[PDB]
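Asker: Experimental structure and sequence below.
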Amino acid sequence: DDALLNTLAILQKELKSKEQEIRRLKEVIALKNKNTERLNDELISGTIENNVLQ
Amino acid sequence: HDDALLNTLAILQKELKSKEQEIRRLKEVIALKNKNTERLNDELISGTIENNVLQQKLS
């Protein structure tokens, strides 16, 4: 009765933790996505740049 | 009363599992992205050197 109630409290605590990690891992990904985009354009500008030298 | 809360426990456990699996997938996503980033930086280095090879021939 008290054990069941505390166990629900533990479960809901851990869940809140795990989804905070999900929010953190998504933050890390969005940052890496900005970098990917930055690199993709530099790659594109390097390809154009190359045809300009020919 | 006793079986109700125990059923809720079971449900919460499953969500826990679902969330931990999502964390596992997300970490895989990052590793798969990090690898692409590697291939990308390598290509940026090679295409930069290709352009310096032409900027040195003409100049």
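Answerer: Structure's in. What do you need? Numbers count the residues shown, from 1 in each chain, chains lettered A, B, ... in the order given.

Asker: Check which helix or strand residue A:33 maps to.
Answerer: Per DSSP states H and E, residue A:33 falls inside helix A:2-52.

Asker: So what's the gap between that helix and the chain middle?
Answerer: Average the C-alpha atoms of helix A:2-52, do the same for its chain, and the two points are 1 Å apart (C-alpha atoms, centre = their mean, to the nearest Å).

Asker: ok, the spatially closest residue to residue A:12 that is not a sequence neighbour to residue B:26 distance?
Answerer: Closest residue in space to residue A:12, ignoring its immediate chain neighbours: residue B:12 at 6.8 Å, by C-beta to C-beta, 6 or more residues apart in numbering or on different chains. Every residue, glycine included, has its C-beta placed from N, CA and C. As judged by C-beta to C-beta, to the nearest Å, residue B:12 and residue B:26 stand 21 Å apart.

Asker: For the residue nearest to residue A:12, which residues are in contact?
Answerer: For residue B:12, the contact set (C-beta atoms under 8 Å, 6 or more residues apart in numbering or on different chains) comprises A:8, A:11-12, A:15.

Asker: now, which of these sits nearest chain B?
Answerer: Distances from chain B to the contacts of residue B:12, taken as C-beta to the nearest C-beta, are shortest for residue A:11 (4.1 Å).
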